[PDB]
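Data block below; observations after.
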Amino acid sequence: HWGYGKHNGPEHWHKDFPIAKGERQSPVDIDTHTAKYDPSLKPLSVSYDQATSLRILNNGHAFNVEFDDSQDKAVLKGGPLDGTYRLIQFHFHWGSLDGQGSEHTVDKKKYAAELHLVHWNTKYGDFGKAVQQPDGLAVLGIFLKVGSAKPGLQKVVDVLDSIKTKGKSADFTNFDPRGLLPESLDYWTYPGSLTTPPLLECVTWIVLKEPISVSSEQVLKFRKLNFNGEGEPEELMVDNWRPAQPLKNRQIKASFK
Ligand SMILES: CC(=O)Nc1nnc(S(N)(=O)=O)s1
Ligand SMILES: [Zn+2]
């Protein structure tokens with residue numbers, strides 16, 4: 001019964017998922033002055049030309065856009081990664097106000113939302129096996145700030161009305177995720193976890209330095225979604241973000257000076 005409420009929120013998760021108090025939990029605050037520039041880090045290789053989106057679903061916590069990951073169609077390579085990682089889904093995290101919504105923070109600064117592009121290491125055969133490994137997933141995090149509209153995001157925004165409640169899904173084909181990327185691919189990277197239960201510590205996080213801009217109207221439509229299922233009391237899907245966790249024995253590395 002976990003969620004983002006006062007009676008089932010992040011502060012409570014540890015009761016069902018003890019790893020919540022683990023050594024490599026996410027998200028975290030990225031202190032730009034203590035981050036270490038690593039010249040050995042290679043540029044990111046994002047190959048989304050052949051991406052095949054299939055649907056969009058409201059899972060009661062966020063909305064996910066799912067892709068066909070039965071072959072190497074949309075993959076992430078390079079950067080701090082060893083091997084090929086396939087894109088399986090993307091989702092966002094957002095707030096009830098423009099001043100909050102992101103999971104990671106930069107020098108304590110919070111963004112309006114955060115986009116997560118989830119990929120799994122193909123050496124493990126399937127997603128379920130990948131999450132059990134320390135190098136099983138790679139999540140690309142992109143911050144969203146409110147300003148000018150993002151044309152490439154409008155297609156997602158327009159279909160939200162069709163998946164307002166938990167459990168609803170809609171066909172969502174031919175969506176090109178390349179339209180959601182910023183101009184630069186400079187990033188920070190650190191070993192972490194999933195930010196929602198089971199909170200497994202199987203993620204190599206890659207957080208882009210350059211945020212993308214979205215309009216107030218676009219983010220407002222995110223806030224119209226529901227955590228609840230149809231026929232149940234309406235609870236607006238807002239503030240579905242986990243606060244920063246202690247860095248502990250970890251070092252954040254930057255690909256840029
Ligand atoms: C099936 C799946 O993708 N689960 C995830 N759980 N948490 C994720 S996150 N918030 O770290 O990107 S992805
Ligand atoms: Zn996420």
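All residue names refer to the structure tokens as shown: chains lettered A, B, ... in order, residues numbered from 1 in each chain, ligands numbered from 1 in order.
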
Excluding region 183-195 of chain A and any residue of its chain fewer than 4 positions from it, enumerate the residues within 7 Å of it, using only C-alpha atoms, and give them as a short mmCIF file (atom, residue, chain, number, x, y, z; two decimals) with N, CA, C and O atoms, in the first residue's frame.
data_model
loop_
_atom_site.label_atom_id
_atom_site.label_comp_id
_atom_site.auth_asym_id
_atom_site.auth_seq_id
_atom_site.Cartn_x
_atom_site.Cartn_y
_atom_site.Cartn_z
N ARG A 24 23.27 2.64 -1.05
CA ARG A 24 23.32 3.32 -2.34
C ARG A 24 21.93 3.66 -2.84
O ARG A 24 21.54 3.29 -3.94
N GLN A 25 21.19 4.38 -2.00
CA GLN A 25 19.84 4.79 -2.33
C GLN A 25 19.80 6.08 -3.14
O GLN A 25 20.69 6.92 -3.04
N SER A 26 18.74 6.21 -3.93
CA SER A 26 18.53 7.38 -4.77
C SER A 26 17.15 7.96 -4.46
O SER A 26 16.28 7.27 -3.94
N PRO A 27 16.93 9.23 -4.78
CA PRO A 27 17.88 10.16 -5.40
C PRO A 27 18.79 10.79 -4.38
O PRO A 27 18.71 10.51 -3.19
N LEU A 44 28.22 10.00 -23.96
CA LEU A 44 27.08 9.09 -24.03
C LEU A 44 26.74 8.80 -25.48
O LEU A 44 26.83 9.68 -26.34
N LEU A 199 12.95 -0.44 -4.56
CA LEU A 199 14.16 0.34 -4.23
C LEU A 199 15.48 -0.42 -4.39
O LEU A 199 16.45 -0.17 -3.66
N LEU A 200 15.51 -1.35 -5.33
CA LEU A 200 16.70 -2.16 -5.57
C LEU A 200 17.91 -1.33 -5.98
O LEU A 200 17.80 -0.38 -6.76
N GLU A 201 19.07 -1.68 -5.43
CA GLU A 201 20.30 -0.95 -5.72
C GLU A 201 21.02 -1.53 -6.93
O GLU A 201 22.09 -2.13 -6.82
N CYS A 202 20.39 -1.37 -8.08
CA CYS A 202 20.87 -1.90 -9.35
C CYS A 202 21.06 -0.85 -10.43
O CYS A 202 21.17 -1.19 -11.60
N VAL A 203 21.02 0.42 -10.06
CA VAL A 203 21.09 1.49 -11.05
C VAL A 203 22.37 2.32 -11.15
O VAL A 203 22.89 2.82 -10.16
N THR A 204 22.78 2.56 -12.38
CA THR A 204 23.87 3.47 -12.66
C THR A 204 23.08 4.69 -13.13
O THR A 204 22.43 4.67 -14.18
N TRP A 205 23.13 5.75 -12.35
CA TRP A 205 22.42 6.97 -12.70
C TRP A 205 23.26 7.88 -13.58
O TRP A 205 24.45 8.09 -13.35
N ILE A 206 22.60 8.44 -14.59
CA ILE A 206 23.22 9.37 -15.52
C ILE A 206 22.26 10.55 -15.55
O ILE A 206 21.18 10.47 -16.12
N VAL A 207 22.64 11.64 -14.89
CA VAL A 207 21.80 12.83 -14.81
C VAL A 207 22.38 13.94 -15.69
O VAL A 207 23.52 14.36 -15.51
N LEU A 208 21.59 14.39 -16.67
CA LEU A 208 22.03 15.43 -17.59
C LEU A 208 22.06 16.79 -16.92
O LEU A 208 21.19 17.14 -16.13
N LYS A 209 23.09 17.55 -17.24
CA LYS A 209 23.27 18.88 -16.68
C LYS A 209 22.28 19.89 -17.22
O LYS A 209 21.84 20.78 -16.51
N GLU A 210 21.96 19.79 -18.50
CA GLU A 210 21.08 20.74 -19.16
C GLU A 210 19.62 20.37 -19.05
O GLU A 210 19.20 19.34 -19.57
N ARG A 242 10.51 11.21 -4.55
CA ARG A 242 11.15 10.79 -3.31
C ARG A 242 12.22 11.82 -2.97
O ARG A 242 12.98 12.25 -3.83
N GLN A 251 30.78 8.71 -4.55
CA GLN A 251 31.35 9.87 -5.20
C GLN A 251 30.58 10.12 -6.49
O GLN A 251 30.39 9.21 -7.29
N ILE A 252 30.17 11.37 -6.70
CA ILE A 252 29.48 11.73 -7.94
C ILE A 252 30.56 12.21 -8.91
O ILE A 252 31.41 13.04 -8.56
N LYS A 253 30.52 11.69 -10.13
CA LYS A 253 31.48 12.07 -11.15
C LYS A 253 30.82 12.89 -12.24
O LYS A 253 29.67 12.68 -12.58
N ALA A 254 31.57 13.83 -12.80
CA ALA A 254 31.07 14.69 -13.87
C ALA A 254 31.85 14.41 -15.15
O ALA A 254 33.05 14.11 -15.09
N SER A 255 31.19 14.52 -16.29
CA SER A 255 31.82 14.27 -17.58
C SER A 255 32.37 15.57 -18.16
O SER A 255 32.92 15.58 -19.25
N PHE A 256 32.16 16.66 -17.44
CA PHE A 256 32.57 17.99 -17.91
C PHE A 256 33.29 18.77 -16.82
O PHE A 256 33.03 18.58 -15.63
#

Which residues, written as an mmCIF file with N, CA, C and O atoms, in the first residue's frame, have at least one atom at most 10 Å from residue 91 (chain A), with only C-alpha atoms counted and residues fewer than 6 positions away on the same chain left out?
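Produced file out01.cif, reproduced below:
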data_model
loop_
_atom_site.group_PDB
_atom_site.id
_atom_site.type_symbol
_atom_site.label_atom_id
_atom_site.label_comp_id
_atom_site.auth_asym_id
_atom_site.auth_seq_id
_atom_site.Cartn_x
_atom_site.Cartn_y
_atom_site.Cartn_z
ATOM 1 N N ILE A 56 0.847 3.684 -23.423
ATOM 2 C CA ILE A 56 1.069 4.532 -22.329
ATOM 3 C C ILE A 56 0.108 4.098 -21.311
ATOM 4 O O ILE A 56 -0.946 3.739 -21.591
ATOM 5 N N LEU A 57 0.629 4.031 -20.061
ATOM 6 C CA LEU A 57 -0.164 3.484 -18.966
ATOM 7 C C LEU A 57 -0.083 4.318 -17.700
ATOM 8 O O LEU A 57 0.978 4.793 -17.325
ATOM 9 N N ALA A 62 2.598 6.952 -11.510
ATOM 10 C CA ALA A 62 3.025 7.863 -12.565
ATOM 11 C C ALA A 62 2.427 7.322 -13.857
ATOM 12 O O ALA A 62 1.586 6.425 -13.817
ATOM 13 N N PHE A 63 2.893 7.816 -14.997
ATOM 14 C CA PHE A 63 2.445 7.287 -16.277
ATOM 15 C C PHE A 63 3.707 6.867 -17.019
ATOM 16 O O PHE A 63 4.725 7.549 -16.958
ATOM 17 N N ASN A 64 3.670 5.694 -17.639
ATOM 18 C CA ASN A 64 4.836 5.160 -18.313
ATOM 19 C C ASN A 64 4.553 5.032 -19.784
ATOM 20 O O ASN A 64 3.488 4.555 -20.170
ATOM 21 N N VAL A 65 5.550 5.350 -20.600
ATOM 22 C CA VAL A 65 5.444 5.135 -22.043
ATOM 23 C C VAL A 65 6.341 3.916 -22.257
ATOM 24 O O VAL A 65 7.527 3.943 -21.915
ATOM 25 N N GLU A 66 5.753 2.830 -22.747
ATOM 26 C CA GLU A 66 6.465 1.572 -22.931
ATOM 27 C C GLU A 66 6.958 1.363 -24.351
ATOM 28 O O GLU A 66 6.323 1.793 -25.310
ATOM 29 N N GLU A 114 11.042 15.715 -13.376
ATOM 30 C CA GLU A 114 12.218 14.958 -13.774
ATOM 31 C C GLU A 114 11.765 13.790 -14.637
ATOM 32 O O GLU A 114 10.835 13.068 -14.296
ATOM 33 N N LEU A 115 12.433 13.641 -15.772
ATOM 34 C CA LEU A 115 12.164 12.589 -16.744
ATOM 35 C C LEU A 115 13.191 11.462 -16.555
ATOM 36 O O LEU A 115 14.399 11.710 -16.495
ATOM 37 N N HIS A 116 12.741 10.284 -16.515
ATOM 38 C CA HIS A 116 13.495 9.116 -16.353
ATOM 39 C C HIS A 116 13.390 8.130 -17.460
ATOM 40 O O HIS A 116 12.318 7.604 -17.647
ATOM 41 N N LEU A 117 14.431 7.889 -18.178
ATOM 42 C CA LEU A 117 14.444 6.970 -19.326
ATOM 43 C C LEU A 117 15.169 5.734 -18.810
ATOM 44 O O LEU A 117 16.362 5.779 -18.511
ATOM 45 N N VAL A 118 14.409 4.665 -18.615
ATOM 46 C CA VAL A 118 14.927 3.436 -18.024
ATOM 47 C C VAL A 118 15.422 2.414 -19.036
ATOM 48 O O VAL A 118 14.717 2.064 -19.980
ATOM 49 N N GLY A 141 18.413 10.641 -16.424
ATOM 50 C CA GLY A 141 17.555 11.615 -15.776
ATOM 51 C C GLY A 141 17.711 12.975 -16.427
ATOM 52 O O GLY A 141 18.828 13.433 -16.665
#

Gap from CA of residue 198 (chain A) to CA of residue 177 (chain A) - Å, one decimal = 26.3 Å

Residues within 7 Å of region 152-161 of chain A, only C-alpha atoms, excluding chain neighbours under 3 positions, as a list in words |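 Using only C-alpha atoms, the neighbours found are residues 164, 179, 180, 218 and 221 of chain A.
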
Expected file: the selected residues, N, CA, C and O atoms, as a short mmCIF file (atom, residue, chain, number, x, y, z; two decimals), in the first residue's frame:
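Once everything was written out, this is again.cif:
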data_model
loop_
_atom_site.label_atom_id
_atom_site.label_comp_id
_atom_site.auth_asym_id
_atom_site.auth_seq_id
_atom_site.Cartn_x
_atom_site.Cartn_y
_atom_site.Cartn_z
N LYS A 164 -6.53 8.93 -17.42
CA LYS A 164 -6.63 9.70 -16.19
C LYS A 164 -6.49 8.91 -14.90
O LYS A 164 -5.94 9.40 -13.92
N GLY A 179 12.89 13.69 -29.21
CA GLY A 179 12.36 15.03 -29.06
C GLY A 179 12.33 15.51 -27.63
O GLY A 179 11.93 16.65 -27.38
N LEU A 180 12.75 14.68 -26.68
CA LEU A 180 12.74 15.06 -25.26
C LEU A 180 14.12 15.38 -24.70
O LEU A 180 14.26 15.75 -23.54
N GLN A 218 1.75 22.71 -20.19
CA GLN A 218 2.12 21.31 -20.35
C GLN A 218 2.20 20.59 -19.00
O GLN A 218 1.63 19.52 -18.84
N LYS A 221 -1.14 19.90 -17.15
CA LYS A 221 -1.89 18.73 -17.58
C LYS A 221 -1.41 17.46 -16.89
O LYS A 221 -2.20 16.54 -16.67
#

Mind checking DSSP for region 95-239 of chain A and telling me the helix (DSSP H, G or I) residues as a PyMOL selection string?
-> chain A and resi 122-124+127-130+151-163+177-180+216-222

From the DSSP assignment of the backbone, select every residue of region 61-201 of chain A that is strand (DSSP E), and format the answer as JSON, numbers by chain.
-> {"A": [63, 64, 65, 66, 67, 75, 76, 77, 78, 85, 86, 87, 88, 89, 90, 91, 92, 93, 94, 105, 106, 113, 114, 115, 116, 117, 118, 119, 120, 121, 137, 138, 139, 140, 141, 142, 143, 144, 145, 146, 169, 170, 171, 187, 188, 189, 190, 191, 192]}

Near-residue 126 (chain A) list (12 Å; only C-alpha atoms; drop same-chain fewer than 3 positions) as number ranges by chain = A: 69-71, 85-88, 119-123, 129-133, 136-137

Got a sec: who's within 7 Å of residue 30 (chain A), counting only C-alpha atoms, leaving out chain neighbours fewer than 6 positions off, as a PyMOL selection string?
-> chain A and resi 105-107

I need the chosen residues saved as a CSV table (one decimal), in the first residue's frame, with C-alpha atoms.
chain,number,residue,atom,x,y,z
A,105,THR,CA,18.5,18.3,-6.9
A,106,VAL,CA,21.5,20.4,-8.0
A,107,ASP,CA,23.0,22.4,-5.1

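Each of A:97, A:144, A:20, A:28 was compared to residue 239 (chain A) using only C-alpha atoms, and A:97 turns out to be the nearest.
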
Closest to ligand 1 among A:102, A:173, A:52, A:165, using only C-alpha atoms and all ligand atoms?
->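 Counting only C-alpha atoms and all ligand atoms, the residue closest to ligand 1 is A:102.
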
For the atom pair CA of residue 40 (chain A) and CA of residue 143 (chain A), what is the interatomic distance in Å to one decimal place?
-> 24.8 Å

Residue among A:60, A:72, A:219, A:94 lying closest to residue 234 (chain A), counting only C-alpha atoms =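 Going through A:60, A:72, A:219, A:94 one by one, the smallest distance to residue 234 (chain A) is for A:60.
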
Nearest to residue 170 (chain A) among A:53, A:216, A:243, A:83, with distances taken over only C-alpha atoms: which residue is it?
->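 For residue 170 (chain A), the nearest of the candidates is A:53.
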
Counting only C-alpha atoms and all ligand atoms, the residue among A:103, A:235, A:176, A:230 that lies closest to ligand 1 is A:103

Which one of A:237, A:19, A:138, A:214 sits closest to residue 166 (chain A) if you count only C-alpha atoms?
->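 Once distances to residue 166 (chain A) are computed over only C-alpha atoms, the minimum belongs to A:237.
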